[PDB]
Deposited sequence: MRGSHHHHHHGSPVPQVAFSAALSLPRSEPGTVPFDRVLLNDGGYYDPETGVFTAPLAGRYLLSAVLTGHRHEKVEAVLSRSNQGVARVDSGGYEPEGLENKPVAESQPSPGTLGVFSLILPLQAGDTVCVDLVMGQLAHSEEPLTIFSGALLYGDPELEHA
């Protein structure tokens, strides 16, 4: 079968938000899949996909680690402003769920950054079962 899925959201809101940031630029994103507000990504994709996150500079400090499914830790979108760090590929399980942790010190300053999350299907695995 061919699942033909792509997803890509962009953010360009005008000024100061009342809270957590949504997305208004559906650039291609037929099913929705990953809710980017809570970051709860259900991939049914089950092939090799091409992933690209946009990292906000924030030289002011604070450690950002996007938790990865099956192991915890495993910062794949890693920024230091059993466990491995990877950028290009994607050991993601079918139906499993990634979650962003943004809590690494409480003596911080208030700031709201802007984030772009693209992610397009490259290869859907075609059965690949032998006996």
Checklist entry - What ranges of the deposited sequence are left out of this structure? => result 1 to 12, 94 to 112
